[PDB]
Structure formats: structure tokens, C-alpha cells
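Hydrogens, waters and symmetry mates play no part in the numbers below; they use all other heavy atoms, side chains included. Just so we're on the same page: letters track the sequence lines, and every chain starts at 1.
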Amino acid sequence: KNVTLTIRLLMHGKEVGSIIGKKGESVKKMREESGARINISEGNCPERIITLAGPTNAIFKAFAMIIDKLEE
Amino acid sequence: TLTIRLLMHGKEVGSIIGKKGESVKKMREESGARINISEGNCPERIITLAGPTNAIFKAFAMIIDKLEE
RNA sequence: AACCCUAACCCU
């Protein structure tokens with residue numbers, strides 16, 4: 001019954017663009033406020049992977065915030 | 001309307017569908033999201049959630065509970 | 001349902 005999970009989102013490169021933010025200030029604020037480990041596959045490859053990992057709830061905040069940005 | 005794709009190991013997809021797809025039928029009915037699970041007995045599989053923000057959230061929550069189990 | 005459990009669960 002693990003309390004840490006890892007979910008991988010599969011994402012287009014323009015989408016990843018806004019998740020990171022100018023100088024990476026979005027995903028930085030997403031790291032601080034969610035408490036989830038967030039990792040973004042490097043290389044401006046157009047089809048990229050986002051790895052959220054952490055306590056269920058940290059996962060879920062980082063996800064809310066990622067959705068909240070794609071709809072922004 | 002939103003589309004998120006989740007990238008998932010095949011042993012995880014197993015519990016997401018459930019015995020006879022009972023569990024993923026529950027999710028489709030309760031979240032009101034569209035859920036599609038890529039085809040195959042392919043070890044690395046893509047789950048598409050499509051729908052208004054809340055459907056997405058409900059499906060995602062429900063998918064998170066299954067991996068936690 | 002059943003002496004009916006686990007492990008794998010395959011839907012649209």
C-alpha cells in the first residue's frame with residue numbers, strides 16, 4: 001500500500017514550454033508548493049515526458065497546477 | 001475540453017481496467033471523462049483522459065487510488 | 001456461487 005507514487009505524463013513541447021516558464025519560474029513554484037518531485041525530460045524534442053513522484057497528495061497538487069497552466 | 005496522456009507500465013494498466021474492465025467502466029461512468037487505453041499487451045501503454053477539467057480530475061484521482069492499492 | 005483464494009485484472 002505504498003504512499004509514494006510515480007506517474008508519467010506524456011507532453012508536446014509547446015505545452016512543456018509554459019509548464020517550465022520564463023527562466024523555469026513556473027515549475028520552480030510548482031516544485032515548492034506541491035512538494036512533489038517534478039522532472040522534465042530534457043532536449044527540445046517535440047514529444048516530452050513529465051515525471052511527478054511523491055506522496056499521493058503532492059502528486060495531485062502538481063497535477064492540478066499543470067492542468068491549471070495548460071488551461072491558463 | 002482538455003486532453004492529458006499518462007504514460008504507464010503494463011502491470012499498472014492491469015489494475016486500471018480490472019477483472020473484465022469493471023474498474024475502468026466505473027471510471028468512465030463516474031468521471032464522465034473519456035478514457036482510452038492504448039492497445040496491446042505492450043509493456044509500455046498510453047492512457048488518454050479527455051473532457052472538462054473536472055472529469056479529468058475525477059479520472060485522474062481514481063487512477064491515483066488504483067496505483068496506491 | 002462455489003470448500004473460491006491469489007495474481008493478474010485487457011476494457012473501449
* Would you mind reporting whether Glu30(B) and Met62(B) have side-chain heavy atoms less than 4.5 Å apart? => yes
* Hey, are the side chains of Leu70(A) and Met11(A) touching, using non-hydrogen atoms and a 4.5 Å cut-off? -> yes
* Salt-bridged, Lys26(B) to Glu22(B), with N to O below 4.0 Å? ->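 Salt bridge between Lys26(B) and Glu22(B), a charged N being under 4.0 Å from a carboxylate O: no.
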* So, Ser34(A) side chain and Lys61(A) main chain: donor-acceptor pair closer than 3.5 Å or not? ->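 Looks like no, no N/O pair under 3.5 Å.
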* Name all residues meeting the side-chain hydrogen bond (donor to acceptor under 3.5 Å, both in side chains) criterion together with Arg8(A); count only those two or more places apart in sequence or in a different chain, and write none if there are none. =>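 For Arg8(A) the side-chain hydrogen bond (donor to acceptor under 3.5 Å, both in side chains) partners, ignoring immediate neighbours, are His9(B), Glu44(B).
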Side-chain donor-acceptor pairs of residues 32-43 of chain B under 3.5 Å, sequence neighbours excluded:
| residue | atom | partner | partner atom | Å |
| --- | --- | --- | --- | --- |
| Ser38(B) | OG | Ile46(B) | N | 2.9 |
| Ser38(B) | OG | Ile46(B) | O | 3.4 |

* Heavy atom of residues 37-46 of chain B under 4.0 Å from RNA chain C: which residues? -> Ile37(B), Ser38(B), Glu39(B), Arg45(B)
Polar atom pairs between nucleotides 2-4 of chain C and protein, under 3.5 Å, N or O only, would you list them?
none

* Exercise: identify the closest heavy-atom pair between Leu52(A) and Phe63(A) ->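 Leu52(A) and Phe63(A) have their closest heavy atoms at CD1-N, 3.9 Å.
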What's touching nucleotides 5-8 of chain C from the protein side, N or O pairs under 3.5 Å?
| residue | atom | partner | partner atom | Å |
| --- | --- | --- | --- | --- |
| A7(C) | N6 | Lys19(B) | NZ | 3.3 |
| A7(C) | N1 | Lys19(B) | NZ | 2.8 |

I need the [atom1]-[atom2] distance between [X] and [N], as an integer number of Å.
| X | N | atom1 | atom2 | value |
| --- | --- | --- | --- | --- |
| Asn36(B) | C11(C) | CG | P | 13 Å |
| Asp65(B) | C9(C) | CG | P | 22 Å |
| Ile63(B) | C9(C) | CD1 | P | 18 Å |
| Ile47(B) | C11(C) | CD1 | P | 15 Å |

* For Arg34(B), report the nucleic acid contact type (base, sugar-phosphate, nothing); a contact means any heavy atom under 4.0 Å. =>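 It contacts nothing in the nucleic acid.
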[atom1] gap between [N] and [M], integer Å:
| N | M | atom1 | value |
| --- | --- | --- | --- |
| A2(C) | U6(C) | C1' | 16 Å |
| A8(C) | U12(C) | P | 23 Å |
| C9(C) | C5(C) | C1' | 15 Å |

* Criterion side-chain contact (heavy atoms from CB on, under 4.5 Å) against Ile50(A), the qualifying member of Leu9(A), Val27(A), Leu10(A), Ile7(A) -> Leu9(A)
* Could you name each residue pair satisfying ring-ring contact (aromatic ring centres under 6.0 Å, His included) that touches residues 21-56 of chain B, not counting sequence neighbours? =>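 Non-adjacent pairs meeting ring-ring contact (aromatic ring centres under 6.0 Å, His included): zero.
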* What is the sugar pucker of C5(C), north (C3'-endo side) or south (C2'-endo side), as given by the torsion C1'-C2'-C3'-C4'? ->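 Judging by the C1'-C2'-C3'-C4' torsion, which comes out positive, the sugar of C5(C) sits north.
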* Mind checking the CG-CD spacing from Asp65(B) to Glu69(B)? Nearest 0.5 Å is all I need. =>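 The distance works out to 8.5 Å.
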* **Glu68(B) versus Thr56(A), side-chain donor and acceptor atoms under 3.5 Å** =>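 Indeed, the side chains of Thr56(A) and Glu68(B) share at least one donor-acceptor pair under 3.5 Å.
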